[PDB]
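Asks: Input: one structure, supplied below.
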Amino acid sequence: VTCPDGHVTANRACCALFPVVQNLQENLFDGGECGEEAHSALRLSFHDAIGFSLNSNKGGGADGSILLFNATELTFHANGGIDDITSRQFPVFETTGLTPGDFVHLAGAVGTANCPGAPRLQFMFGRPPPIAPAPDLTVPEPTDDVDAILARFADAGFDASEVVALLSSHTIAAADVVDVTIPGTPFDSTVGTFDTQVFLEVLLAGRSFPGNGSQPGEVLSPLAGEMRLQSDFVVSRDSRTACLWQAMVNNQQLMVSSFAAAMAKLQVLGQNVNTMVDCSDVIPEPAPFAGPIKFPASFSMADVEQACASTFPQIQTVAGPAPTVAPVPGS
Ligand code: HEM
Ligand SMILES: [Ca+2]
Ligand SMILES: [Ca+2]
Ligand SMILES: [Mg+2]
Ligand SMILES: [Mg+2]
Ligand SMILES: [Mg+2]
Ligand SMILES: [Mn+2]
């Protein structure tokens, strides 16, 4: 099929999406950047989709409920920071004609593709409008323990392997509301790169808080300007998840493959995949990221708090002063 747009595709139903993706890239992602809006779109995709249970009715999953029922879902504590994300998305969404769910999930996949090293995520298309808001408490909190995290994910259909896979997202992530004095504080020292740096950096001994001291949801971090979530800390070190976490360190392909597979499930939670169309070809091709990660300057294996009995990966050390991580620019 040649779309009237000129683009070629497997299914005519995907033709609408080529202009939408251009709209996103220009008017949401500032010309296809791995910046605030791209990171935000991935976070929104997770918040929308996790409003789902295999067992009980905890929402329609990846239905775009978090947009259509924005007023309700933005009242929930774990959706802190989401208002800024949806506020910025709405002007773009409004000119697309898409269901809220197809828009949220497309934007999350396109945004991810803007980050060097990221997978080109599967994009299934065809999410009917949402019927109801998710209830409260579907989204994990950074103060949650591993029991609670693993329980919530399992309820939605994800095992421990998949939880670690999905936390790869924190390689391109910053916090705006855990400490409102330091918006845009990243979780790793390569917030514009979809690499395995966050898996290493969370394993370093934490030494300081990045902003206005101790705030609920964070723990001591190893670098000035870097935030460490309490949830990432406990998942990295718990016996159920530690080997999974360590395996990601300096293993770019394991991270990307694991993440790609888990995201393909996440982004269709609640949906009837047999009634959807494969429109994966509308997602931009991401820039590659091969070479290895390295320790931040001044650190070494002495500073790693190794939580798994497997031999730790060999990672190059860098001579120099400990680095300061810059905040992410607001837009
Ligand atoms: C235990 C599970 C999780 C917890 C407790 C958690 C918690 C957090 C917190 C507290 C923030 C900072 C929010 C703010 O202050 O603005 C954040 C950011 C983010 N999270 Fe997670 N998260 C989890 C899982 C995930 C998953 C599964 C994804 C996607 C697959 C995701 C993607 C992101 C992204 C992309 C950001 C960055 C947003 C930005 O830079 O604007 N998270 N997360
Ligand atoms: Ca939802
Ligand atoms: Ca990174
Ligand atoms: Mg383990
Ligand atoms: Mg290992
Ligand atoms: Mg911007
Ligand atoms: Mn943000």
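Lettering and numbering for the structure tokens are positional, with chains as A, B, ... in the shown order, residues counted from 1 in each chain, and ligands counted from 1 in the shown order.
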Output as a tab-separated table one row per residue of chain A within 12 Å of ligand 5: the closest atom pair and its distance in Å to one decimal place, counting only C-alpha atoms and all ligand atoms, sorted by chain and residue number ascending.

Replies:
residue	atom	partner	partner_atom_place_in_ligand_line	distance
A:199	CA	ligand 5	1 (Mg)	11.0
A:200	CA	ligand 5	1 (Mg)	10.9
A:241	CA	ligand 5	1 (Mg)	11.9
A:242	CA	ligand 5	1 (Mg)	9.4
A:243	CA	ligand 5	1 (Mg)	6.5
A:244	CA	ligand 5	1 (Mg)	7.8
A:245	CA	ligand 5	1 (Mg)	8.0
A:246	CA	ligand 5	1 (Mg)	4.8
A:247	CA	ligand 5	1 (Mg)	3.8
A:248	CA	ligand 5	1 (Mg)	7.1
A:249	CA	ligand 5	1 (Mg)	7.0
A:250	CA	ligand 5	1 (Mg)	8.9
A:251	CA	ligand 5	1 (Mg)	8.7
A:254	CA	ligand 5	1 (Mg)	10.9
A:306	CA	ligand 5	1 (Mg)	9.9
A:307	CA	ligand 5	1 (Mg)	10.0
A:308	CA	ligand 5	1 (Mg)	7.5
A:309	CA	ligand 5	1 (Mg)	8.3
A:310	CA	ligand 5	1 (Mg)	5.3
A:311	CA	ligand 5	1 (Mg)	6.0
A:312	CA	ligand 5	1 (Mg)	5.4
A:313	CA	ligand 5	1 (Mg)	6.1
A:314	CA	ligand 5	1 (Mg)	9.9
A:315	CA	ligand 5	1 (Mg)	11.8

Asks: Those residues with N, CA and C atoms, as a CSV table (one decimal), in the first residue's frame please?

Replies:
chain,number,residue,atom,x,y,z
A,199,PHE,N,21.6,0.9,35.6
A,199,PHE,CA,21.8,-0.3,36.4
A,199,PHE,C,23.1,-0.3,37.2
A,200,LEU,N,24.1,0.2,36.6
A,200,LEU,CA,25.4,0.3,37.3
A,200,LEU,C,25.2,1.3,38.5
A,241,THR,N,15.3,-10.2,42.6
A,241,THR,CA,15.5,-9.4,41.4
A,241,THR,C,17.0,-9.0,41.2
A,242,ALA,N,17.9,-9.3,42.2
A,242,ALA,CA,19.2,-8.8,42.1
A,242,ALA,C,20.0,-9.3,40.9
A,243,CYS,N,19.9,-10.6,40.6
A,243,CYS,CA,20.6,-11.2,39.5
A,243,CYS,C,20.1,-10.7,38.2
A,244,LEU,N,18.8,-10.5,38.1
A,244,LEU,CA,18.2,-9.9,36.9
A,244,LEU,C,18.8,-8.5,36.7
A,245,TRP,N,18.8,-7.7,37.8
A,245,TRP,CA,19.3,-6.3,37.7
A,245,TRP,C,20.8,-6.3,37.3
A,246,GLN,N,21.6,-7.1,37.9
A,246,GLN,CA,23.1,-7.1,37.6
A,246,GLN,C,23.3,-7.6,36.1
A,247,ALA,N,22.5,-8.5,35.7
A,247,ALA,CA,22.7,-9.0,34.3
A,247,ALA,C,22.5,-7.9,33.3
A,248,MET,N,21.8,-6.8,33.6
A,248,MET,CA,21.6,-5.7,32.7
A,248,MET,C,22.8,-4.9,32.5
A,249,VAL,N,23.7,-4.9,33.6
A,249,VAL,CA,24.8,-4.0,33.7
A,249,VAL,C,25.8,-4.2,32.5
A,250,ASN,N,25.9,-3.2,31.7
A,250,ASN,CA,26.8,-3.3,30.5
A,250,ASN,C,26.4,-4.4,29.6
A,251,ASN,N,25.1,-4.8,29.5
A,251,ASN,CA,24.6,-5.7,28.6
A,251,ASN,C,23.4,-5.0,27.8
A,254,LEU,N,20.7,-7.3,26.2
A,254,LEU,CA,19.8,-7.9,27.1
A,254,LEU,C,18.8,-6.9,27.6
A,306,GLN,N,27.7,-5.1,45.4
A,306,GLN,CA,27.2,-6.2,44.6
A,306,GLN,C,26.3,-7.2,45.3
A,307,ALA,N,25.2,-7.4,44.7
A,307,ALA,CA,24.0,-8.1,45.3
A,307,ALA,C,23.7,-9.5,44.7
A,308,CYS,N,24.5,-9.9,43.8
A,308,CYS,CA,24.4,-11.1,43.0
A,308,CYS,C,25.7,-11.9,43.0
A,309,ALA,N,25.7,-13.2,43.2
A,309,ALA,CA,26.9,-14.0,43.2
A,309,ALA,C,27.6,-14.1,41.9
A,310,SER,N,27.0,-13.9,40.8
A,310,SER,CA,27.6,-13.9,39.5
A,310,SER,C,28.8,-12.9,39.4
A,311,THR,N,29.9,-13.2,38.8
A,311,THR,CA,31.0,-12.3,38.5
A,311,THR,C,30.4,-11.0,37.9
A,312,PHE,N,30.8,-9.9,38.5
A,312,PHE,CA,30.4,-8.6,38.0
A,312,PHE,C,31.1,-8.4,36.6
A,313,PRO,N,30.4,-7.7,35.7
A,313,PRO,CA,31.0,-7.4,34.4
A,313,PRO,C,32.2,-6.4,34.6
A,314,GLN,N,33.1,-6.6,33.7
A,314,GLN,CA,34.3,-5.8,33.7
A,314,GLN,C,34.0,-4.4,33.0
A,315,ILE,N,34.2,-3.3,33.7
A,315,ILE,CA,33.8,-2.0,33.3
A,315,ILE,C,35.0,-1.1,33.5

Asks: Give me the residues near residue 36 of chain A as a PyMOL selection string, where near means some atom within 8 Å (using only C-alpha atoms) and where sequence neighbours in that chain fewer than 4 positions away do not count.

Replies: chain A and resi 40+328-331

Asks: Please list as an MDAnalysis selection string every residue within 6 Å of segment 179-194 of chain A, counting only C-alpha atoms and excluding residues in the same chain fewer than 5 positions away.

Replies: chainID A and resid 34 115:118 171:174 211 226:228 325 327:328

Asks: Could you make a table, as CSV, of the residues of chain A that have an atom within 12 Å of an atom of ligand 6, each with its nearest atom pair and distance in Å to one decimal, counting only C-alpha atoms and all ligand atoms, in chain and number order?

Replies:
residue,atom,partner,partner_atom_place_in_ligand_line,distance
A:24,CA,ligand 6,1 (Mg),11.4
A:25,CA,ligand 6,1 (Mg),10.7
A:26,CA,ligand 6,1 (Mg),10.0
A:27,CA,ligand 6,1 (Mg),8.6
A:28,CA,ligand 6,1 (Mg),6.9
A:29,CA,ligand 6,1 (Mg),6.2
A:30,CA,ligand 6,1 (Mg),5.5
A:31,CA,ligand 6,1 (Mg),9.2
A:32,CA,ligand 6,1 (Mg),10.1
A:33,CA,ligand 6,1 (Mg),8.5
A:34,CA,ligand 6,1 (Mg),9.7
A:35,CA,ligand 6,1 (Mg),6.9
A:36,CA,ligand 6,1 (Mg),6.2
A:37,CA,ligand 6,1 (Mg),5.9
A:38,CA,ligand 6,1 (Mg),8.8
A:39,CA,ligand 6,1 (Mg),10.7
A:40,CA,ligand 6,1 (Mg),10.5
A:41,CA,ligand 6,1 (Mg),11.8
A:84,CA,ligand 6,1 (Mg),11.8
A:85,CA,ligand 6,1 (Mg),10.8
A:88,CA,ligand 6,1 (Mg),8.8
A:89,CA,ligand 6,1 (Mg),10.7
A:111,CA,ligand 6,1 (Mg),11.8
A:328,CA,ligand 6,1 (Mg),10.4
A:329,CA,ligand 6,1 (Mg),8.0
A:330,CA,ligand 6,1 (Mg),6.7
A:331,CA,ligand 6,1 (Mg),2.9

Asks: Can you write out as a tab-separated table which residues of chain A fall within 6 Å of ligand 2, alongside each residue's closest atom pair and its distance in Å to one decimal, counting only C-alpha atoms and all ligand atoms and ordering rows by chain and ascending residue number?

Replies:
residue	atom	partner	partner_atom_place_in_ligand_line	distance
A:48	CA	ligand 2	1 (Ca)	3.8
A:49	CA	ligand 2	1 (Ca)	4.9
A:51	CA	ligand 2	1 (Ca)	4.8
A:60	CA	ligand 2	1 (Ca)	5.7
A:61	CA	ligand 2	1 (Ca)	4.5
A:62	CA	ligand 2	1 (Ca)	4.9
A:63	CA	ligand 2	1 (Ca)	4.8
A:64	CA	ligand 2	1 (Ca)	5.2
A:65	CA	ligand 2	1 (Ca)	4.2
A:66	CA	ligand 2	1 (Ca)	5.5
A:134	CA	ligand 2	1 (Ca)	5.9

Asks: How close does each residue of chain A get to ligand 1, giving the shortest atom pair and distance in Å to one decimal for every residue with an atom at most 6 Å away, counting only C-alpha atoms and all ligand atoms, sorted by chain and residue number, as a Markdown table?

Replies:
| residue | atom | partner | partner_atom_place_in_ligand_line | distance |
| --- | --- | --- | --- | --- |
| A:36 | CA | ligand 1 | 41 (O) | 5.3 |
| A:39 | CA | ligand 1 | 35 (C) | 4.4 |
| A:40 | CA | ligand 1 | 41 (O) | 3.9 |
| A:42 | CA | ligand 1 | 35 (C) | 4.7 |
| A:43 | CA | ligand 1 | 32 (C) | 3.9 |
| A:46 | CA | ligand 1 | 29 (C) | 4.9 |
| A:81 | CA | ligand 1 | 16 (O) | 4.7 |
| A:140 | CA | ligand 1 | 5 (C) | 4.8 |
| A:141 | CA | ligand 1 | 5 (C) | 4.2 |
| A:142 | CA | ligand 1 | 5 (C) | 3.7 |
| A:149 | CA | ligand 1 | 1 (C) | 5.6 |
| A:166 | CA | ligand 1 | 27 (C) | 4.6 |
| A:167 | CA | ligand 1 | 26 (C) | 5.2 |
| A:169 | CA | ligand 1 | 32 (C) | 4.9 |
| A:170 | CA | ligand 1 | 33 (C) | 5.6 |
| A:173 | CA | ligand 1 | 37 (C) | 3.5 |
| A:174 | CA | ligand 1 | 40 (O) | 3.7 |
| A:175 | CA | ligand 1 | 15 (O) | 3.4 |
| A:176 | CA | ligand 1 | 16 (O) | 3.7 |
| A:177 | CA | ligand 1 | 15 (O) | 3.6 |
| A:178 | CA | ligand 1 | 15 (O) | 4.4 |
| A:231 | CA | ligand 1 | 5 (C) | 5.5 |

Asks: Find the distance between atom CA of residue 256 of chain A and atom CA of residue 139 of chain A and write it in Å to one decimal.

Replies: 23.1 Å

Asks: Let's see if you can do this: from backbone DSSP, list all strand (DSSP E or B) residues in segment 125-199 of chain A, as number ranges by chain.

Replies: A: 125, 174-175, 185-186

Asks: Atom CA of residue 322 of chain A to atom CA of residue 225 of chain A: how many Å, to one decimal?

Replies: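 So the answer is 11.2 Å.
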
Asks: Any idea what's packed within 8 Å of residue 122 of chain A, counting only C-alpha atoms, ignoring anything in its chain fewer than 5 positions away? Could you give it as a ChimeraX atom specification?

Replies: /A:109,260,264,278-280

Asks: Residue 261 of chain A: which residues within 9 Å, counting only C-alpha atoms, same-chain residues fewer than 6 positions away excluded, as a VMD selection string?

Replies: chain A and resid 121 to 122 162 165

Asks: Do a neighbour search on residue 74 of chain A at 12 Å with only C-alpha atoms, toss out local chain neighbours closer than 3 positions, and write the hits as a ChimeraX atom specification.

Replies: /A:44,47-48,65-71,77-87,133-137,139

Asks: Mind giving me the straight-line distance from atom CA of residue 233 of chain A to atom CA of residue 203 of chain A in Å, one decimal?

Replies: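 So the two atoms, atom CA of residue 233 of chain A and atom CA of residue 203 of chain A, lie 7.6 Å apart.
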
Asks: Taking only C-alpha atoms and all ligand atoms into account, which of A:266, A:204, A:236, A:6 comes nearest ligand 4?

Replies: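 Residue with the minimum atom-to-atom distance to ligand 4: A:236.
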
Asks: Hey, what's within 12 Å of residue 124 of chain A if we count only C-alpha atoms and toss same-chain stuff fewer than 6 positions away? As number ranges by chain, please?

Replies: A: 11, 13-14, 17, 62, 101-103, 105-106, 109, 263-269, 271-283

Asks: Just write the chosen residues, N, CA and C atoms, as a PDB file, in the first residue's frame.

Replies:
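Written output follows (again.pdb):
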ATOM      1  N   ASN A  11      -0.404  -2.313   5.932  1.00  0.00           N
ATOM      2  CA  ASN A  11      -1.835  -2.215   6.168  1.00  0.00           C
ATOM      3  C   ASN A  11      -2.301  -0.766   5.994  1.00  0.00           C
ATOM      4  N   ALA A  13      -4.659   0.730   7.160  1.00  0.00           N
ATOM      5  CA  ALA A  13      -5.134   1.342   8.386  1.00  0.00           C
ATOM      6  C   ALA A  13      -4.025   2.136   9.066  1.00  0.00           C
ATOM      7  N   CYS A  14      -2.769   1.884   8.697  1.00  0.00           N
ATOM      8  CA  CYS A  14      -1.659   2.590   9.313  1.00  0.00           C
ATOM      9  C   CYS A  14      -1.431   3.956   8.658  1.00  0.00           C
ATOM     10  N   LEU A  17      -1.321   7.280  10.486  1.00  0.00           N
ATOM     11  CA  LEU A  17      -0.372   7.470  11.571  1.00  0.00           C
ATOM     12  C   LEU A  17       0.885   8.176  11.093  1.00  0.00           C
ATOM     13  N   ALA A  62      -4.285  -0.246  28.699  1.00  0.00           N
ATOM     14  CA  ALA A  62      -3.736   0.713  27.753  1.00  0.00           C
ATOM     15  C   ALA A  62      -4.854   1.295  26.891  1.00  0.00           C
ATOM     16  N   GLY A 101      -6.104   6.209  23.849  1.00  0.00           N
ATOM     17  CA  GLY A 101      -5.189   5.103  24.044  1.00  0.00           C
ATOM     18  C   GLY A 101      -4.213   4.976  22.880  1.00  0.00           C
ATOM     19  N   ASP A 102      -4.703   5.085  21.650  1.00  0.00           N
ATOM     20  CA  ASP A 102      -3.764   4.999  20.547  1.00  0.00           C
ATOM     21  C   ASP A 102      -2.793   6.167  20.592  1.00  0.00           C
ATOM     22  N   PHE A 103      -3.252   7.344  21.006  1.00  0.00           N
ATOM     23  CA  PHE A 103      -2.326   8.475  21.116  1.00  0.00           C
ATOM     24  C   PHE A 103      -1.275   8.276  22.219  1.00  0.00           C
ATOM     25  N   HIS A 105      -0.057   5.593  23.623  1.00  0.00           N
ATOM     26  CA  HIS A 105       0.872   4.487  23.335  1.00  0.00           C
ATOM     27  C   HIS A 105       1.759   4.769  22.135  1.00  0.00           C
ATOM     28  N   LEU A 106       1.246   5.453  21.100  1.00  0.00           N
ATOM     29  CA  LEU A 106       2.071   5.911  19.997  1.00  0.00           C
ATOM     30  C   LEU A 106       3.126   6.904  20.480  1.00  0.00           C
ATOM     31  N   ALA A 109       5.908   5.150  22.321  1.00  0.00           N
ATOM     32  CA  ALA A 109       6.831   4.437  21.423  1.00  0.00           C
ATOM     33  C   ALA A 109       7.697   5.408  20.611  1.00  0.00           C
ATOM     34  N   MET A 263       7.485  -4.262  26.927  1.00  0.00           N
ATOM     35  CA  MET A 263       6.690  -3.117  26.460  1.00  0.00           C
ATOM     36  C   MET A 263       5.628  -3.573  25.468  1.00  0.00           C
ATOM     37  N   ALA A 264       5.924  -4.582  24.634  1.00  0.00           N
ATOM     38  CA  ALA A 264       4.900  -5.041  23.677  1.00  0.00           C
ATOM     39  C   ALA A 264       3.675  -5.571  24.428  1.00  0.00           C
ATOM     40  N   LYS A 265       3.905  -6.200  25.598  1.00  0.00           N
ATOM     41  CA  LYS A 265       2.809  -6.659  26.427  1.00  0.00           C
ATOM     42  C   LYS A 265       2.142  -5.484  27.132  1.00  0.00           C
ATOM     43  N   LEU A 266       2.957  -4.615  27.731  1.00  0.00           N
ATOM     44  CA  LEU A 266       2.399  -3.534  28.534  1.00  0.00           C
ATOM     45  C   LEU A 266       1.441  -2.685  27.706  1.00  0.00           C
ATOM     46  N   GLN A 267       1.835  -2.387  26.451  1.00  0.00           N
ATOM     47  CA  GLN A 267       1.149  -1.380  25.656  1.00  0.00           C
ATOM     48  C   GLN A 267      -0.151  -1.930  25.066  1.00  0.00           C
ATOM     49  N   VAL A 268      -0.439  -3.226  25.292  1.00  0.00           N
ATOM     50  CA  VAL A 268      -1.718  -3.800  24.869  1.00  0.00           C
ATOM     51  C   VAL A 268      -2.515  -4.394  26.027  1.00  0.00           C
ATOM     52  N   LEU A 269      -2.161  -4.079  27.268  1.00  0.00           N
ATOM     53  CA  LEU A 269      -2.932  -4.568  28.406  1.00  0.00           C
ATOM     54  C   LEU A 269      -4.386  -4.144  28.249  1.00  0.00           C
ATOM     55  N   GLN A 271      -6.398  -4.926  25.911  1.00  0.00           N
ATOM     56  CA  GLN A 271      -6.814  -4.775  24.532  1.00  0.00           C
ATOM     57  C   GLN A 271      -6.965  -6.161  23.903  1.00  0.00           C
ATOM     58  N   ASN A 272      -7.778  -6.215  22.867  1.00  0.00           N
ATOM     59  CA  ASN A 272      -7.964  -7.442  22.133  1.00  0.00           C
ATOM     60  C   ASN A 272      -7.001  -7.432  20.951  1.00  0.00           C
ATOM     61  N   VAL A 273      -5.882  -8.122  21.068  1.00  0.00           N
ATOM     62  CA  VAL A 273      -4.829  -7.970  20.080  1.00  0.00           C
ATOM     63  C   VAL A 273      -5.262  -8.507  18.720  1.00  0.00           C
ATOM     64  N   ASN A 274      -6.226  -9.430  18.708  1.00  0.00           N
ATOM     65  CA  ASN A 274      -6.689  -9.990  17.453  1.00  0.00           C
ATOM     66  C   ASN A 274      -7.451  -8.965  16.617  1.00  0.00           C
ATOM     67  N   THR A 275      -7.963  -7.911  17.249  1.00  0.00           N
ATOM     68  CA  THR A 275      -8.724  -6.891  16.556  1.00  0.00           C
ATOM     69  C   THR A 275      -7.855  -5.669  16.258  1.00  0.00           C
ATOM     70  N   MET A 276      -6.563  -5.737  16.609  1.00  0.00           N
ATOM     71  CA  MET A 276      -5.652  -4.623  16.371  1.00  0.00           C
ATOM     72  C   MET A 276      -4.875  -4.869  15.080  1.00  0.00           C
ATOM     73  N   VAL A 277      -4.305  -3.794  14.515  1.00  0.00           N
ATOM     74  CA  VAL A 277      -3.508  -3.869  13.308  1.00  0.00           C
ATOM     75  C   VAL A 277      -2.052  -3.589  13.679  1.00  0.00           C
ATOM     76  N   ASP A 278      -1.115  -4.346  13.106  1.00  0.00           N
ATOM     77  CA  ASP A 278       0.295  -4.034  13.294  1.00  0.00           C
ATOM     78  C   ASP A 278       0.680  -2.810  12.474  1.00  0.00           C
ATOM     79  N   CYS A 279       1.053  -1.713  13.188  1.00  0.00           N
ATOM     80  CA  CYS A 279       1.553  -0.509  12.554  1.00  0.00           C
ATOM     81  C   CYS A 279       2.940  -0.166  13.066  1.00  0.00           C
ATOM     82  N   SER A 280       3.765  -1.198  13.300  1.00  0.00           N
ATOM     83  CA  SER A 280       5.118  -0.972  13.802  1.00  0.00           C
ATOM     84  C   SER A 280       5.977  -0.129  12.855  1.00  0.00           C
ATOM     85  N   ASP A 281       5.667  -0.148  11.556  1.00  0.00           N
ATOM     86  CA  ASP A 281       6.475   0.595  10.597  1.00  0.00           C
ATOM     87  C   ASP A 281       6.344   2.110  10.701  1.00  0.00           C
ATOM     88  N   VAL A 282       5.444   2.637  11.518  1.00  0.00           N
ATOM     89  CA  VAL A 282       5.342   4.086  11.642  1.00  0.00           C
ATOM     90  C   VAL A 282       6.304   4.617  12.713  1.00  0.00           C
ATOM     91  N   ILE A 283       6.889   3.741  13.531  1.00  0.00           N
ATOM     92  CA  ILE A 283       7.809   4.182  14.569  1.00  0.00           C
ATOM     93  C   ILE A 283       9.145   4.541  13.950  1.00  0.00           C
TER      94      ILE A 283
END
